[PDB]
Amino acid sequence: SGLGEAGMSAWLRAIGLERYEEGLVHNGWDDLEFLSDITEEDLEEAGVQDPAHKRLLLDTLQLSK
(Lines give C-alpha, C1' and ligand atoms only; values in the text may rest on other atoms or scores of the structure.)
Protein backbone atom coordinates (compact mmCIF):
# COMPACT_ATOMS: atom_id res chain seq x y z
CA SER A 1 0.00 0.00 0.00
CA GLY A 2 2.92 2.31 -0.73
CA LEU A 3 4.96 2.09 -3.92
CA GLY A 4 6.99 5.29 -3.85
CA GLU A 5 9.30 5.85 -0.89
CA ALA A 6 9.69 9.50 -1.92
CA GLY A 7 6.53 11.52 -2.44
CA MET A 8 7.93 15.04 -2.54
CA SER A 9 11.55 13.88 -2.69
CA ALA A 10 12.29 14.23 -6.41
CA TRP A 11 9.89 17.17 -6.29
CA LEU A 12 12.24 19.29 -4.17
CA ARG A 13 15.08 18.13 -6.43
CA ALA A 14 13.71 20.26 -9.27
CA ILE A 15 14.70 23.32 -7.25
CA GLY A 16 17.47 21.82 -5.15
CA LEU A 17 15.78 22.22 -1.78
CA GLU A 18 15.20 18.60 -0.76
CA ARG A 19 17.20 19.45 2.36
CA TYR A 20 13.96 20.85 3.77
CA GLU A 21 12.04 17.71 2.82
CA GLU A 22 12.24 16.12 6.27
CA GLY A 23 11.47 19.59 7.61
CA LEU A 24 8.00 19.57 6.06
CA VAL A 25 7.57 15.79 6.07
CA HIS A 26 7.81 15.68 9.86
CA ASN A 27 5.23 18.46 10.08
CA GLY A 28 2.52 17.13 7.79
CA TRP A 29 3.56 18.06 4.26
CA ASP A 30 4.84 14.66 3.14
CA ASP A 31 1.71 14.52 0.98
CA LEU A 32 2.52 16.36 -2.25
CA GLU A 33 -1.25 16.65 -2.69
CA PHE A 34 -1.66 18.69 0.49
CA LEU A 35 1.63 20.55 0.09
CA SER A 36 0.16 21.85 -3.17
CA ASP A 37 -2.03 24.08 -1.00
CA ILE A 38 0.67 25.02 1.50
CA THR A 39 0.72 28.73 2.34
CA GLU A 40 3.63 31.13 2.80
CA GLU A 41 3.42 31.05 6.60
CA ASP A 42 3.06 27.26 6.54
CA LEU A 43 6.62 26.94 5.22
CA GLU A 44 8.02 28.59 8.35
CA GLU A 45 6.23 25.92 10.38
CA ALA A 46 8.49 23.27 8.85
CA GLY A 47 11.59 25.39 9.38
CA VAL A 48 11.38 27.25 6.08
CA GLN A 49 11.60 30.75 7.55
CA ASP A 50 13.81 32.01 4.73
CA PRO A 51 12.97 34.44 1.89
CA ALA A 52 14.73 32.55 -0.89
CA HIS A 53 13.32 29.31 0.53
CA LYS A 54 9.76 30.60 0.88
CA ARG A 55 9.71 31.99 -2.66
CA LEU A 56 11.21 28.75 -3.97
CA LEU A 57 8.47 26.41 -2.74
CA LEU A 58 5.74 28.63 -4.18
CA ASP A 59 7.51 28.46 -7.54
CA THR A 60 8.05 24.71 -7.21
CA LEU A 61 4.30 24.30 -6.72
CA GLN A 62 3.17 25.54 -10.13
CA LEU A 63 6.27 23.92 -11.63
CA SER A 64 5.44 20.30 -10.79
CA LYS A 65 1.79 21.11 -10.06
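Residues numbered from 1 in each chain as written, not as in the entry; some residues may be left out. Heavy atoms only, no water.

**Quick word on the overall build of the chain**
Put simply, the rule reads: The helix and strand labels rest on DSSP assignments: H or I over at least four residues marks a helix, E over at least two residues marks a strand, and numbering proceeds from the N terminus. In this treatment the radius of gyration is a C-alpha quantity, and the globule benchmark scales as 2.2 Å times the residue count to the 0.38 power. Only protein chains enter the accessibility calculation, which uses a 1.4 Å probe. A residue is then buried if its area is under 20% of the maximum for its type, exposed if over 50%, and partly exposed in between. Note on contacts: a residue pair qualifies if any of its non-hydrogen atoms lie within 4.5 Å across the two residues.
What the chain contains, in helices and strands, is five helices and zero strands. Written out in order from the N terminus, the α and β elements of the chain read α-α-α-α-α. A compact globule built from 65 residues would reach a C-alpha radius of gyration of about 11 Å, and the chain, at 11 Å, matches this within 12%. Along the three orthogonal principal directions, the C-alpha set of the chain runs to about 35 × 20 × 20 Å. Burial status across the chain gives 26% buried among its 65 residues. Sequence-distant contacts in the chain: of pairs separated by 6 or more residues, those separated by 24 or more amount to 42%.

**Observations regarding a negative patch on the surface**
For clarity, the threshold we go by: By definition, no residue in a patch forms a salt bridge, and every one has over 30% relative accessible area; like charges are joined within 9 Å, nonpolar side chains (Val, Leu, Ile, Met, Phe, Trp, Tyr) within 5 Å. Per-residue accessibility takes into account occlusion by the displayed protein chains alone, with areas from the Shrake-Rupley method and a 1.4 Å probe. By convention in these notes, a salt bridge is any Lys or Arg side-chain nitrogen within 4 Å of a carboxyl oxygen on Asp or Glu. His is not counted here, nor are the chain ends, while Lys and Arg score as positive and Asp and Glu score as negative. Think of each charge as sitting on NZ of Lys, CZ of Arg, CG of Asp or CD of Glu.
Together, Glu 40, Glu 41, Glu 44 and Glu 45 make up a negatively charged patch on the protein surface. Position of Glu 41 among the secondary structure elements: in helix α4 (residues 40-45).

**Here we look at the environment of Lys 65**
Tracing the sequence through the fold places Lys 65 in the segment after α5 (51-63). Overall, the relative accessible area of 82% leaves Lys 65 in the exposed class. As for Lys 65 and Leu 43, which are separated by 22 residues in sequence, their C-alpha atoms are 17 Å apart.

**Considering the nonpolar core**
Our working rule: In plain words, nonpolar cores are sets of buried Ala, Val, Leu, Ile, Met, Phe, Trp, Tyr and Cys residues tied together by side-chain atoms within 4.5 Å.
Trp 11, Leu 24, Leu 35, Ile 38 and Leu 57 are the most contacted members of the largest nonpolar core, which totals 13 residues. Listed by contribution, the elements that provide at least two residues to this core are α1 (9-13) and α5.

**So, the side chain of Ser 9**
Our working rule: For this analysis, a polar contact is any N or O atom pair within 3.5 Å, provided that within protein one partner can donate a hydrogen and the other can accept it, and provided that sequence-adjacent residues contribute only side-chain to side-chain pairs.
Among the structural elements, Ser 9 can be located in helix α1. What makes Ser 9 buried here is its relative accessible area of 11%. Separated by 3.2 Å, the side chain of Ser 9 and the backbone oxygen of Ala 6 make a polar contact. In this structure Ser 9 touches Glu 18 and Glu 21, once residues within four positions along its chain are discounted.

These figures capture arrangement, not role.
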